[PDB]
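Visitor: Following this: a sequence and the matching experimental structure.
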Amino acid sequence: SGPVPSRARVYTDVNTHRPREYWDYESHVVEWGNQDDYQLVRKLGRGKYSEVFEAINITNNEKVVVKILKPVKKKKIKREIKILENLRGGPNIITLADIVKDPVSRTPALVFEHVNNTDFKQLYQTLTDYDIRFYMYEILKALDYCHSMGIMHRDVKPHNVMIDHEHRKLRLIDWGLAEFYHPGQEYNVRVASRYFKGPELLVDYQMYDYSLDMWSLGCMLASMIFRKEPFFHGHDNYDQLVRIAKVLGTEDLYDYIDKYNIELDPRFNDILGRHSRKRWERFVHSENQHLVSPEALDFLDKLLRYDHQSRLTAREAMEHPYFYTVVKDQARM
Ligand SMILES: Brc1c(Br)c(Br)c2[nH]nnc2c1Br
Ligand SMILES: Brc1c(Br)c(Br)c2[nH]nnc2c1Br
Ligand SMILES: [Cl-]
Ligand SMILES: [Cl-]
Ligand code: NA
């Protein structure tokens, strides 16, 4: 018959217990400011949906980041604004400062409190063992917070982690793909970048939850501790699942498919083959051995599961022995 339904293990009903206006972003009324309170200084980045600029707030000479949105459904814009407003002031969440339109072009833009244009991808292949643990813990604070607030990011990847390494500060950015979790809701599987897509996305299981972000986090961790970018290097979305199957093995994949009664795209029938679950020791070599420990491998193993329900939650991840020295030093400071 149909796919077997699924529910988030944690924060299942948090949006239900909120007022409608918290999560009903389509009904959100945006007060659009004037982009001429800002002067653009320089281009920081370009994305599928926006051009990103360093800018100055003329009124207080404060540095900001302006994300000038390429044309898009009003619905998607309200969703991102409402999520950013809901998460504002949260640990390691980018701060939305203002919402503006160019008076002439009427192009909408989001104004964020300034952070360094240095994305995590620029230096996550050069970190010490301790700093990987430190920054991973900081990302988990942001995920446990947004999950606790009924929101899944759905685009967790190095490019969406802005780090000020000098001040050991981290922000999770680009909430453009983020959604509210509602129990029983079926979501678009066309989210996240190929290398970070969870198996639920790749086999077209739509009733997914916060646990999607914990797969993406596992992909990031594996890439850092093994110095292998990306860890799962698919040619396309079909081959992406093959790359996962060659590590996690096909037995747990077919058990997962069976458990949720997933109808596997016929394209998979010839390409998945039959693979053992590989021991992580397989990826350890002289140039990454200093970043790999039993703690790191035990932690990674508990993120990278086919079955979304079997993955650590953000808070369970934060309690893993891998972070004991980070937790201790945090209390010390
Ligand atoms: Br805000 C904003 C927007 Br929206 C646009 Br479009 C701009 N073009 N030049 N300067 C601009 C600023 Br500031
Ligand atoms: Br660079 C950069 C910065 Br800085 C921020 Br803040 C962004 N928010 N969405 N996309 C962003 C990009 Br690209
Ligand atoms: Cl990335
Ligand atoms: Cl093995
Ligand atoms: Na080691």
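Guide: Sure thing, it's come through. Numbering: from 1, shown residues only. Ligands and ions are numbered 1, 2, ... in the order given.
Visitor: Every contact and neighbour count from this point should use C-alpha atoms.
Guide: OK.
Visitor: Next, count neighbours for residue 253.
Guide: 19 (other C-alpha atoms under 10 Å).
Visitor: okay but it is in contact with residue 247, surely?
Guide: No. At 10.9 Å, residue 253 does not count as touching residue 247 under the criterion of C-alpha atoms under 8 Å.
Visitor: This protein - how does it break down into domains?
Guide: The chain breaks down into these domains under curated CATH domains: 6-23+115-333, 24-114.
Visitor: Could you check these and tell me which one is nearest ligand 3?
Guide: Across these, ligand 3 has its closest neighbour in domain 6-23+115-333 (3.9 Å, C-alpha to the ion).
Visitor: quick revisit: for ligand 4, find the nearest of the domains of the chain.
Guide: Here domain 6-23+115-333 is closest among the domains of the chain (C-alpha to the ion), at 4.0 Å.
Visitor: got the domains of the chain as JSON lines, with distance to ligand 3 columns?
Guide: Below are those laid out as JSON lines (distance: least, C-alpha to the ion, whole Å):
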{"stretch": "domain 6-23+115-333", "distance to ligand 3": "4"}
{"stretch": "domain 24-114", "distance to ligand 3": "12"}
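Visitor: how about the residues of the chain that lie near ligand 5?
Guide: Applying C-alpha under 5 Å from the ion, one finds that the chain approaches ligand 5 through 289, 290, 292, 293.
Visitor: give me phi/psi at the second one?
Guide: In other words, residue 290. In terms of degrees, to the nearest 10, the main-chain angles of residue 290 are phi -70, psi -20.
Visitor: and if you look at the third one?
Guide: Backbone torsions of residue 292, given as degrees, to the nearest 10, read phi -100, psi 130.
Visitor: of the residues of the chain next to ligand 5, buried ones?
Guide: Using 16 or more other C-alpha atoms under 10 Å as the burial test, the residues of the chain next to ligand 5 include residue 292 as buried.
Visitor: Please save the CA atoms from stretch 235-253 in CSV.
Guide: The C-alpha coordinates for stretch 235-253 follow below in CSV (Å, rounded to 0.1, in the frame of the first residue of the first chain):
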residue,chain,number,x,y,z
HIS,A,235,27.7,11.9,-9.7
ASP,A,236,23.9,12.6,-9.3
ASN,A,237,21.0,12.0,-6.8
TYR,A,238,20.8,8.2,-7.9
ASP,A,239,24.6,7.6,-7.6
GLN,A,240,24.5,9.6,-4.2
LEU,A,241,22.5,6.7,-2.6
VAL,A,242,25.0,4.1,-4.2
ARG,A,243,27.9,6.1,-2.6
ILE,A,244,26.1,5.8,0.8
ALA,A,245,25.2,2.1,0.2
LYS,A,246,28.9,1.3,-0.4
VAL,A,247,29.7,2.6,3.1
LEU,A,248,26.5,1.9,5.2
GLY,A,249,25.8,-1.4,3.3
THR,A,250,22.7,-2.5,1.4
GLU,A,251,21.3,-4.8,4.2
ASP,A,252,20.3,-1.8,6.4
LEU,A,253,19.1,0.1,3.3
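Visitor: what sits up against it?
Guide: With C-alpha atoms under 8 Å, 6 or more residues apart in numbering as the contact definition, stretch 235-253 has outside contacts at 194-195, 199, 202, 232-234, 267-268, 271-278, 304-306.
Visitor: Quick one: distance of stretch 53-62 to the chain centre.
Guide: 29 Å (C-alpha atoms, centre = their mean, to the nearest Å).
Visitor: Residues touching it, excluding its own?
Guide: By C-alpha under 8 Å, 6+ apart, stretch 53-62 touches 37-45, 63-68, 114.
Visitor: can it be found next to ligand 1?
Guide: No. Stretch 53-62 lies apart from ligand 1 when judged by C-alpha under 6 Å from any ligand atom; the minimum separation is 7.2 Å.
Visitor: For that stretch, measure first residue to last.
Guide: Stretch 53-62 has an end-to-end distance of 14 Å (criterion: C-alpha to C-alpha, to the nearest Å).
Visitor: can you count the residues close to residue 22?
Guide: Residue 22, neighbours per other C-alpha under 10 Å, totals 19.
Visitor: thinking it is in contact with residue 85, fair?
Guide: No. The pair residue 22 and residue 85 fails to qualify as a contact (C-alpha under 8 Å) at a distance of 9.6 Å.
Visitor: so who does the closest residue to residue 212 other than its chain neighbours touch?
Guide: Nearest residue to residue 212, sequence neighbours excluded (C-alpha to C-alpha, 6 or more residues apart in numbering): residue 198, at 5.9 Å. Residues in contact with residue 198, defined by C-alpha under 8 Å, 6+ apart, are 212, 215, 216, 306.
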